[PDB]
$ cat structure_4.pdb   # PDB, C-alpha atoms and all ligand atoms
MODEL        1
ATOM      1  CA  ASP A 358       0.000   0.000   0.000
ATOM      2  CA  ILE A 359       3.002   2.308   0.626
ATOM      3  CA  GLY A 360       5.697   2.660  -2.030
ATOM      4  CA  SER A 361       3.843   1.815  -5.256
ATOM      5  CA  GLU A 362       5.356   3.033  -8.514
ATOM      6  CA  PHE A 363       1.746   3.465  -9.771
ATOM      7  CA  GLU A 364       0.513   5.655  -6.900
ATOM      8  CA  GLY A 365      -0.036   8.541  -9.375
ATOM      9  CA  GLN A 366      -2.193   6.491 -11.739
ATOM     10  CA  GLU A 367      -4.207   5.311  -8.785
ATOM     11  CA  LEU A 368      -4.800   8.833  -7.502
ATOM     12  CA  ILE A 369      -5.697  10.042 -11.018
ATOM     13  CA  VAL A 370      -8.316   7.299 -11.417
ATOM     14  CA  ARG A 371      -9.748   7.962  -7.947
ATOM     15  CA  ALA A 372     -10.047  11.685  -8.801
ATOM     16  CA  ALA A 373     -11.695  10.853 -12.163
ATOM     17  CA  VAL A 374     -14.201   8.406 -10.655
ATOM     18  CA  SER A 375     -15.080  10.986  -7.938
ATOM     19  CA  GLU A 376     -16.252  13.366 -10.724
ATOM     20  CA  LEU A 377     -19.011  10.929 -11.791
ATOM     21  CA  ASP A 378     -22.471  12.041 -10.756
ATOM     22  CA  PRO A 379     -24.714   8.962 -10.188
ATOM     23  CA  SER A 380     -27.764  11.229 -10.754
ATOM     24  CA  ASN A 381     -26.944  11.734 -14.446
ATOM     25  CA  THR A 382     -26.790   9.430 -17.475
ATOM     26  CA  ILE A 383     -23.448   7.654 -17.716
ATOM     27  CA  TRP A 384     -22.583   5.633 -20.795
ATOM     28  CA  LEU A 385     -20.163   2.723 -20.820
ATOM     29  CA  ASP A 386     -18.657   0.888 -23.781
ATOM     30  CA  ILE A 387     -15.667  -1.456 -24.258
ATOM     31  CA  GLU A 388     -13.762  -2.764 -27.223
ATOM     32  CA  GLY A 389     -12.395  -6.295 -27.147
ATOM     33  CA  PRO A 390     -14.313  -9.274 -25.683
ATOM     34  CA  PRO A 391     -15.527  -8.893 -22.077
ATOM     35  CA  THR A 392     -12.981 -11.551 -20.996
ATOM     36  CA  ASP A 393     -10.072  -9.577 -22.538
ATOM     37  CA  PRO A 394     -11.086  -5.918 -22.945
ATOM     38  CA  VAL A 395      -8.632  -3.507 -24.595
ATOM     39  CA  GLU A 396     -10.442  -0.170 -24.442
ATOM     40  CA  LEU A 397     -12.919   1.299 -21.953
ATOM     41  CA  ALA A 398     -14.881   4.544 -22.003
ATOM     42  CA  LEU A 399     -17.360   6.117 -19.589
ATOM     43  CA  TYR A 400     -19.107   9.236 -20.795
ATOM     44  CA  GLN A 401     -21.228  11.661 -18.774
ATOM     45  CA  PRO A 402     -22.720  14.157 -21.261
ATOM     46  CA  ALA A 403     -24.338  16.343 -18.534
ATOM     47  CA  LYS A 404     -20.902  17.132 -17.051
ATOM     48  CA  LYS A 405     -19.236  17.137 -20.511
ATOM     49  CA  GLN A 406     -16.716  14.574 -19.278
ATOM     50  CA  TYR A 407     -15.276  11.145 -19.987
ATOM     51  CA  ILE A 408     -13.011   8.434 -18.582
ATOM     52  CA  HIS A 409     -11.050   6.591 -21.278
ATOM     53  CA  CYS A 410      -8.318   3.993 -20.916
ATOM     54  CA  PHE A 411      -6.620   1.049 -22.584
ATOM     55  CA  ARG A 412      -5.056  -2.265 -21.747
ATOM     56  CA  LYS A 413      -2.826  -4.784 -23.504
ATOM     57  CA  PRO A 414      -4.749  -8.025 -24.192
ATOM     58  CA  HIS A 415      -3.643 -11.227 -22.476
ATOM     59  CA  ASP A 416      -4.847 -13.343 -25.389
ATOM     60  CA  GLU A 417      -2.897 -11.943 -28.351
ATOM     61  CA  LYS A 418      -4.106 -14.662 -30.748
ATOM     62  CA  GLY A 419      -7.717 -13.836 -29.812
ATOM     63  CA  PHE A 420      -7.013 -10.074 -30.109
ATOM     64  CA  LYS A 421      -6.498 -10.488 -33.867
ATOM     65  CA  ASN A 422     -10.225 -11.075 -34.485
ATOM     66  CA  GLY A 423     -11.340  -7.766 -32.882
ATOM     67  CA  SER A 424      -8.355  -5.905 -34.328
ATOM     68  CA  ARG A 425      -9.037  -6.920 -37.946
ATOM     69  CA  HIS A 426     -12.840  -6.892 -37.820
ATOM     70  CA  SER A 427     -14.030  -4.508 -35.152
ATOM     71  CA  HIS A 428     -11.870  -1.933 -33.361
ATOM     72  CA  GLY A 429      -8.810  -1.620 -35.594
ATOM     73  CA  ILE A 430      -6.430  -1.259 -32.648
ATOM     74  CA  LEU A 431      -2.987  -2.505 -33.579
ATOM     75  CA  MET A 432      -0.848  -4.322 -30.994
ATOM     76  CA  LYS A 433       1.840  -1.659 -31.420
ATOM     77  CA  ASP A 434      -0.571   1.024 -30.179
ATOM     78  CA  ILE A 435      -1.585  -0.660 -26.935
ATOM     79  CA  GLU A 436       1.284  -3.001 -26.027
ATOM     80  CA  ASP A 437       2.647  -0.267 -23.711
ATOM     81  CA  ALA A 438      -0.662   0.369 -21.838
ATOM     82  CA  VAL A 439      -0.225   0.319 -18.033
ATOM     83  CA  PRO A 440      -1.953  -2.879 -16.807
ATOM     84  CA  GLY A 441      -4.805  -2.766 -14.300
ATOM     85  CA  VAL A 442      -6.064   0.755 -15.059
ATOM     86  CA  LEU A 443      -9.183  -0.520 -16.800
ATOM     87  CA  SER A 444      -9.950  -2.877 -13.888
ATOM     88  CA  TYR A 445      -9.255  -0.179 -11.264
ATOM     89  CA  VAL A 446     -11.792   2.170 -12.921
ATOM     90  CA  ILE A 447     -14.440  -0.600 -12.801
ATOM     91  CA  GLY A 448     -13.593  -1.420  -9.174
ATOM     92  CA  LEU A 449     -14.133   2.206  -8.107
ATOM     93  CA  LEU A 450     -17.508   2.820  -9.692
ATOM     94  CA  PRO A 451     -20.077   3.905  -7.066
ATOM     95  CA  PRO A 452     -22.242   1.148  -5.536
ATOM     96  CA  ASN A 453     -25.434   0.379  -7.468
ATOM     97  CA  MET A 454     -24.758   3.007 -10.145
ATOM     98  CA  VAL A 455     -27.047   2.945 -13.199
ATOM     99  CA  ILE A 456     -25.007   2.657 -16.402
ATOM    100  CA  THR A 457     -26.386   3.206 -19.923
ATOM    101  CA  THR A 458     -25.215   0.872 -22.697
ATOM    102  CA  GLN A 459     -25.939  -0.251 -26.248
ATOM    103  CA  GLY A 460     -25.993  -4.063 -26.275
ATOM    104  CA  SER A 461     -25.743  -5.013 -22.584
ATOM    105  CA  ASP A 462     -24.602  -8.640 -22.912
ATOM    106  CA  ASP A 463     -20.839  -8.138 -23.096
ATOM    107  CA  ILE A 464     -20.862  -5.266 -20.561
ATOM    108  CA  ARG A 465     -22.891  -7.365 -18.090
ATOM    109  CA  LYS A 466     -20.294 -10.115 -18.437
ATOM    110  CA  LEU A 467     -17.408  -7.650 -18.020
ATOM    111  CA  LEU A 468     -18.915  -6.187 -14.866
ATOM    112  CA  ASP A 469     -19.768  -9.641 -13.432
ATOM    113  CA  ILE A 470     -16.160 -10.821 -14.017
ATOM    114  CA  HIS A 471     -15.080  -7.766 -11.997
ATOM    115  CA  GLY A 472     -17.423  -8.760  -9.195
ATOM    116  CA  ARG A 473     -19.678  -5.777  -9.887
ATOM    117  CA  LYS A 474     -23.080  -7.461  -9.940
ATOM    118  CA  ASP A 475     -24.400  -4.415  -8.041
ATOM    119  CA  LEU A 476     -24.050  -2.121 -11.069
ATOM    120  CA  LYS A 477     -27.293  -1.857 -13.054
ATOM    121  CA  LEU A 478     -27.499  -1.648 -16.829
ATOM    122  CA  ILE A 479     -29.909   0.079 -19.148
ATOM    123  CA  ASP A 480     -29.703  -1.306 -22.690
ATOM    124  CA  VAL A 481     -31.061   1.244 -25.162
ATOM    125  CA  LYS A 482     -31.454  -1.627 -27.659
ATOM    126  CA  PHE A 483     -30.723   0.377 -30.810
ATOM    127  CA  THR A 484     -30.491  -1.284 -34.165
ATOM    128  CA  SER A 485     -27.029  -0.974 -35.714
ATOM    129  CA  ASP A 486     -28.325   1.697 -38.158
ATOM    130  CA  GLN A 487     -29.845   3.689 -35.265
ATOM    131  CA  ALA A 488     -26.759   3.378 -33.035
ATOM    132  CA  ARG A 489     -24.432   4.589 -35.791
ATOM    133  CA  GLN A 490     -26.620   7.403 -37.222
ATOM    134  CA  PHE A 491     -24.036   9.990 -36.277
ATOM    135  CA  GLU A 492     -20.867   7.905 -36.825
ATOM    136  CA  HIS A 493     -19.347  10.005 -39.602
ATOM    137  CA  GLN A 494     -20.254  13.255 -37.839
ATOM    138  CA  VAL A 495     -18.721  12.052 -34.582
ATOM    139  CA  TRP A 496     -15.461  11.036 -36.290
ATOM    140  CA  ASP A 497     -15.310  14.398 -38.007
ATOM    141  CA  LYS A 498     -15.945  16.541 -34.900
ATOM    142  CA  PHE A 499     -14.438  14.388 -32.131
ATOM    143  CA  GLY A 500     -12.074  11.932 -33.888
ATOM    144  CA  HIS A 501      -9.045  13.764 -32.474
ATOM    145  CA  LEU A 502     -10.140  12.460 -29.055
ATOM    146  CA  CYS A 503      -8.865   8.949 -29.867
ATOM    147  CA  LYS A 504      -5.992   8.266 -32.272
ATOM    148  CA  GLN A 505      -5.576   4.597 -31.277
ATOM    149  CA  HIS A 506      -7.506   2.980 -34.142
ATOM    150  CA  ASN A 507      -4.992   2.745 -36.968
ATOM    151  CA  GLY A 508      -5.753  -0.661 -38.495
ATOM    152  CA  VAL A 509      -7.918  -1.036 -41.578
ATOM    153  CA  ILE A 510     -11.211  -2.854 -40.904
ATOM    154  CA  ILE A 511     -11.510  -6.078 -42.966
ATOM    155  CA  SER A 512     -14.962  -7.561 -43.767
ATOM    156  CA  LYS A 513     -14.174 -11.152 -42.586
ATOM    157  CA  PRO A 524     -17.689  -0.500 -51.472
ATOM    158  CA  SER A 525     -15.642   1.087 -48.655
ATOM    159  CA  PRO A 526     -14.090  -0.218 -45.378
ATOM    160  CA  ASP A 527     -16.170   0.254 -42.185
ATOM    161  CA  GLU A 528     -15.071   2.837 -39.632
ATOM    162  CA  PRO A 529     -13.314   1.192 -36.694
ATOM    163  CA  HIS A 530     -15.165   1.022 -33.374
ATOM    164  CA  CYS A 531     -13.851   3.149 -30.572
ATOM    165  CA  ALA A 532     -15.296   2.767 -27.059
ATOM    166  CA  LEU A 533     -15.233   6.539 -26.572
ATOM    167  CA  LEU A 534     -16.685   7.652 -29.883
ATOM    168  CA  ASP A 535     -19.247   4.840 -29.544
ATOM    169  CA  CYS A 536     -20.450   6.405 -26.268
ATOM    170  CA  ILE A 537     -20.557   9.856 -27.853
ATOM    171  CA  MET A 538     -22.445   8.725 -30.970
ATOM    172  CA  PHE A 539     -24.871   6.535 -28.975
ATOM    173  CA  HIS A 540     -25.715   9.529 -26.788
ATOM    174  CA  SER A 541     -26.075  11.635 -29.917
ATOM    175  CA  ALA A 542     -28.535   9.057 -31.291
ATOM    176  CA  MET A 543     -30.530   9.143 -28.032
ATOM    177  CA  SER A 544     -30.510  12.970 -28.000
ATOM    178  CA  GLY A 545     -31.029  13.570 -31.742
ATOM    179  CA  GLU A 546     -27.937  15.789 -31.959
ATOM    180  CA  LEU A 547     -24.188  15.887 -31.312
ATOM    181  CA  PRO A 548     -23.244  17.401 -27.947
ATOM    182  CA  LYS A 549     -22.877  21.198 -27.649
ATOM    183  CA  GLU A 550     -19.077  20.876 -27.885
ATOM    184  CA  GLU A 551     -16.233  18.537 -26.974
ATOM    185  CA  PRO A 552     -16.226  16.468 -23.778
ATOM    186  CA  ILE A 553     -13.167  16.743 -21.515
ATOM    187  CA  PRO A 554     -10.915  13.813 -20.500
ATOM    188  CA  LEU A 555     -10.722  13.063 -16.773
ATOM    189  CA  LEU A 556      -7.746  10.730 -17.287
ATOM    190  CA  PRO A 557      -4.649  12.367 -18.833
ATOM    191  CA  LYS A 558      -3.479  10.317 -21.833
ATOM    192  CA  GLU A 559       0.207  10.330 -20.787
ATOM    193  CA  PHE A 560      -0.737   8.242 -17.704
ATOM    194  CA  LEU A 561      -2.456   5.459 -19.656
ATOM    195  CA  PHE A 562       0.944   4.262 -21.016
ATOM    196  CA  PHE A 563       4.522   3.328 -20.015
ATOM    197  CA  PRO A 564       7.339   5.868 -20.707
TER
HETATM  198 MG    MG A 601     -18.194  -0.296 -29.157
HETATM  199 ZN    ZN A 602     -10.698   4.723 -29.182
ENDMDL
END

$ encode --input "structure_4.pdb" --output "structure tokens" --more "lines below"
Ligand SMILES: [Mg+2]
Ligand SMILES: [Zn+2]
Amino acid sequence: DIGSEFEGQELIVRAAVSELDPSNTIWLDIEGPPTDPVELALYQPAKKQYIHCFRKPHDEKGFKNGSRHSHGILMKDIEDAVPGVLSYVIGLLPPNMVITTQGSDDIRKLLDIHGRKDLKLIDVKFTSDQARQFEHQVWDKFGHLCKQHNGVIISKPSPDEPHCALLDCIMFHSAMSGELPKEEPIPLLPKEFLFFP
């Protein structure tokens, strides 16, 4: 408990989680399977804020599937992610918090694995077309928020846009609201802390 080389990261995450208001809508999305997640985002539109972090997968062979066909995150761009950050964020979430999601199955599993059966999920149950209404607009306006999706998406016309946990949250909220947010949410976790020097 005393002397950790990751004391800073821990304090940063604690400070970020303390900013979450359990009275407001909070979105959560992950990329990667719930057993080996590689990207996590929480987004609270009412406070114009988000928590966003990464982790290196433990199953590198399995990671290839999501990388090529879903999220487009290359191993090179997350191999230096500080381990445990993603789990620490989940561990700190307030008791019994209501979390908004699109497609609850994998998130439920993720949270259950983390022993967070107390967290409650709303699934907005969008169709794919509904969920991604604002995809191009979100990448145009907010794409600079995540530069970690550099792999071309293969179809197992034109390549699909890769899925980013953060931009997914933003575009899902935009779909629910009918419009993109006023302007630019603010990161609660400084990017430089998500990765090894
Ligand atoms: Mg997603
Ligand atoms: Zn991303």

$ closest_residue --input "structure_4.pdb" --among "A:498, A:428, A:504, A:549" --to "ligand MG 601 (chain A)" --atoms "all atoms listed in the file"
A:428

$ closest_residue --input "structure_4.pdb" --among "A:506, A:477, A:433, A:412" --to "ligand ZN 602 (chain A)" --atoms "only C-alpha atoms and all ligand atoms"
A:506

$ closest_atom_pairs --input "structure_4.pdb" --of "region 391-510 of chain A" --to "region 366-377 of chain A" --cutoff "9 Å" --atoms "only C-alpha atoms" --output "JSON lines"
{"residue": "A:401", "atom": "CA", "partner": "A:377", "partner_atom": "CA", "distance": 7.4}
{"residue": "A:404", "atom": "CA", "partner": "A:377", "partner_atom": "CA", "distance": 8.3}
{"residue": "A:406", "atom": "CA", "partner": "A:377", "partner_atom": "CA", "distance": 8.6}
{"residue": "A:407", "atom": "CA", "partner": "A:373", "partner_atom": "CA", "distance": 8.6}
{"residue": "A:408", "atom": "CA", "partner": "A:373", "partner_atom": "CA", "distance": 7.0}
{"residue": "A:442", "atom": "CA", "partner": "A:366", "partner_atom": "CA", "distance": 7.7}
{"residue": "A:445", "atom": "CA", "partner": "A:370", "partner_atom": "CA", "distance": 7.5}
{"residue": "A:446", "atom": "CA", "partner": "A:370", "partner_atom": "CA", "distance": 6.4}
{"residue": "A:449", "atom": "CA", "partner": "A:374", "partner_atom": "CA", "distance": 6.7}
{"residue": "A:450", "atom": "CA", "partner": "A:374", "partner_atom": "CA", "distance": 6.6}
{"residue": "A:451", "atom": "CA", "partner": "A:374", "partner_atom": "CA", "distance": 8.2}

$ residues_around --input "structure_4.pdb" --residues "residue 390 (chain A)" --least-positions-apart "3" --cutoff "12 Å" --atoms "all atoms listed in the file" --output "PyMOL selection string"
chain A and resi 386-387+393-397+414-416+419-424+427-428+462-467+470

$ atom_distance --input "structure_4.pdb" --atom1 "CA of residue 481 (chain A)" --atom2 "CA of residue 456 (chain A)"
10.7 Å

$ atom_distance --input "structure_4.pdb" --atom1 "CA of residue 525 (chain A)" --atom2 "CA of residue 496 (chain A)"
15.9 Å

$ resolve_selection --input "structure_4.pdb" --expression "the PyMOL selection byres (((chain A and resi 487) around 12) and not hetatm)" --output "PyMOL selection string"
chain A and resi 459+481-486+488-492+538-545

$ residues_near_ligand --input "structure_4.pdb" --ligand "ligand ZN 602 (chain A)" --cutoff "12 Å" --atoms "all atoms listed in the file" --output "NGL selection string"
:A and (386-389 or 395-399 or 408-412 or 427-431 or 434-435 or 496 or 499-508 or 528-537 or 558)

$ write_last_selection --input "structure_4.pdb" --atoms "C-alpha atoms" --output "compact mmCIF listing (two decimals), in the coordinates of the input"
# COMPACT_ATOMS: atom_id res chain seq x y z
CA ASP A 386 -18.66 0.89 -23.78
CA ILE A 387 -15.67 -1.46 -24.26
CA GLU A 388 -13.76 -2.76 -27.22
CA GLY A 389 -12.40 -6.30 -27.15
CA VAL A 395 -8.63 -3.51 -24.60
CA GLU A 396 -10.44 -0.17 -24.44
CA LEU A 397 -12.92 1.30 -21.95
CA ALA A 398 -14.88 4.54 -22.00
CA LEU A 399 -17.36 6.12 -19.59
CA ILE A 408 -13.01 8.43 -18.58
CA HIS A 409 -11.05 6.59 -21.28
CA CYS A 410 -8.32 3.99 -20.92
CA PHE A 411 -6.62 1.05 -22.58
CA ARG A 412 -5.06 -2.26 -21.75
CA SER A 427 -14.03 -4.51 -35.15
CA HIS A 428 -11.87 -1.93 -33.36
CA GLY A 429 -8.81 -1.62 -35.59
CA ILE A 430 -6.43 -1.26 -32.65
CA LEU A 431 -2.99 -2.50 -33.58
CA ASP A 434 -0.57 1.02 -30.18
CA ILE A 435 -1.58 -0.66 -26.94
CA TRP A 496 -15.46 11.04 -36.29
CA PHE A 499 -14.44 14.39 -32.13
CA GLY A 500 -12.07 11.93 -33.89
CA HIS A 501 -9.04 13.76 -32.47
CA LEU A 502 -10.14 12.46 -29.06
CA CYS A 503 -8.86 8.95 -29.87
CA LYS A 504 -5.99 8.27 -32.27
CA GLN A 505 -5.58 4.60 -31.28
CA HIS A 506 -7.51 2.98 -34.14
CA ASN A 507 -4.99 2.74 -36.97
CA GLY A 508 -5.75 -0.66 -38.49
CA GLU A 528 -15.07 2.84 -39.63
CA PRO A 529 -13.31 1.19 -36.69
CA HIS A 530 -15.16 1.02 -33.37
CA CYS A 531 -13.85 3.15 -30.57
CA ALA A 532 -15.30 2.77 -27.06
CA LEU A 533 -15.23 6.54 -26.57
CA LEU A 534 -16.68 7.65 -29.88
CA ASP A 535 -19.25 4.84 -29.54
CA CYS A 536 -20.45 6.40 -26.27
CA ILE A 537 -20.56 9.86 -27.85
CA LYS A 558 -3.48 10.32 -21.83

$ resolve_selection --input "structure_4.pdb" --expression "the PyMOL selection byres (((chain A and resi 454) around 6) and not hetatm)" --output "list in words"
residues 379, 451, 452, 453, 455 and 476 of chain A

$ write_last_selection --input "structure_4.pdb" --atoms "C-alpha atoms" --output "CSV table (one decimal), in the frame of the given file"
chain,number,residue,atom,x,y,z
A,379,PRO,CA,-24.7,9.0,-10.2
A,451,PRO,CA,-20.1,3.9,-7.1
A,452,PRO,CA,-22.2,1.1,-5.5
A,453,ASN,CA,-25.4,0.4,-7.5
A,455,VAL,CA,-27.0,2.9,-13.2
A,476,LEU,CA,-24.0,-2.1,-11.1

$ closest_residue --input "structure_4.pdb" --among "A:468, A:362, A:432, A:443" --to "residue 561 (chain A)" --atoms "all atoms listed in the file"
A:443
